[PDB]
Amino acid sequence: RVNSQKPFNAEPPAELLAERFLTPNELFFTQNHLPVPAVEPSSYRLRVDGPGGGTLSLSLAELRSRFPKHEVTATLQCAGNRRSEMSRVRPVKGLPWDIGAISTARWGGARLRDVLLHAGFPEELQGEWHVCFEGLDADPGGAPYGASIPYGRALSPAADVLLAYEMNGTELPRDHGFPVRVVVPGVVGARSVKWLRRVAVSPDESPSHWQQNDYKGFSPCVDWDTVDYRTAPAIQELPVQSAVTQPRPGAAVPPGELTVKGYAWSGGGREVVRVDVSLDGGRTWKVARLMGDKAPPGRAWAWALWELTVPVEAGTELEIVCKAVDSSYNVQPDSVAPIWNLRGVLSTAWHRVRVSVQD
C-alpha cells in the first residue's frame, strides 16, 4: 500500500509482510521525505571529514575494496509504524502507516567503525560526540536529509553499524539508498540515512530537521501549541513491539483450528523472549512459538516471527491480541491513549484484530 506518491512511501500488505524472515527487496517498505536521487556510480564519492580538518573521499569501488565486508541481518522499523492506531484516538500529523512500516534484510557493507578508524579518528572521545550523516536527497532550498548517532555506537564493534552497499545479496536499490546507506541496527529507521554523501564527526547532534524537530516522544498532554522538541531526546533505540499479520481484521475463519501469526521485535539488540497471544480480548493468554535463531546476546537486530495454532469454535467471536517481552523484560502497554502523541510515533500498545468464526 502506497499512502504518498510524491514524495514516495509504500508499506507491504499484511498478507505478505511476515511470510518470510528476509523481506524481499521489492516488498521492503519505502520511506522517502524528498525526491529520490539518481546517483551516477562512477563519479559518486563519499566524503568523511578527518579529525584535524582532512577529508577522506572514497569511491564506491574503494569502499568495497579497502574495508572487509561485514554482513548483518537487521530489521528496519520506522517511527510511525502503527500510526493509524494512534490516529484513531485523536488525530495526529503524519502518514497513516498500518502495521507494515517495518522490514528485514541481510545488509552488506563496510563497518562504520573501520571507515572512521581509517580516517584517523580514535576509538573514543571525552564527552558526547556524534557522527552525522547527509543524504544526496534535498528539498528545493537545498537542505538535505540528515541524521546522527552517538559516536560510541558508531565506533562499537558490537553495534554493527554499517555503510551498506548490498541488500539481500544484491546492490542497494534506488529507493533503498543506492549506492550507499547507513544501516543502524536496533535503531529507528530515521537514522539509517539513504544515498549517503557525507559522514562527519561533530560534538553536536545533526542539525537536520528530522534529528532536531521531529521523531521525538512527548507526553500525551502535549499539543501543537505547547510542543517543544528541546524537552525530549531524539528517538534512537525503539521499544518492544509486536503485531498480528494473520488473520486479518473482520476475517471469517472456519471452525476447528486457527493459526495466528505475526512479528515481534525490540530495539537496542534486545531479543524477544516471549509473545503472548489472547483470543478473548486480553483476558487469557497463551504462549506463541517463536520461529527464528538465537542471535548473540545483545545483537538481536532482526525481528522474530511467531505463530500459534489454537482451537476455535463455530459461531464465536474473537479479539486476538498479541504482546511481546524482550531480554530486558520490557513490555507493551495495554492502551494507546496514554502513549498518545501529536505525531503518532512510538505506537506499541497491544495490537488487536477482531474476527468471527464460521458456523
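Residue numbers run from 1 along the displayed sequence.
As recorded in the PDB entry, 122-130 is the stretch of 122-130 and 170-178 with the greater mean C-alpha temperature factor. Comparing 322-330 with 57-65, the stretch with the higher mean C-alpha B-factor in the PDB entry is 57-65.
Ranking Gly80, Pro157, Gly189, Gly141 by the C-alpha B-factor listed in the PDB entry places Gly141 at the top.
Remark: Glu237 belongs to the lowest third of its chain, ranked by C-alpha B-factor as recorded. Ranked within its chain, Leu34 lands in the middle third, by CA B factor from the PDB record. The PDB entry assigns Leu342 a C-alpha temperature factor belonging to the lowest third of its chain's modelled residues.
In the PDB entry, a CA B factor belonging to the highest third of its chain's modelled residues is recorded for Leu17. In the PDB entry, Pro96 places in the middle third of its chain by CA B-factor.
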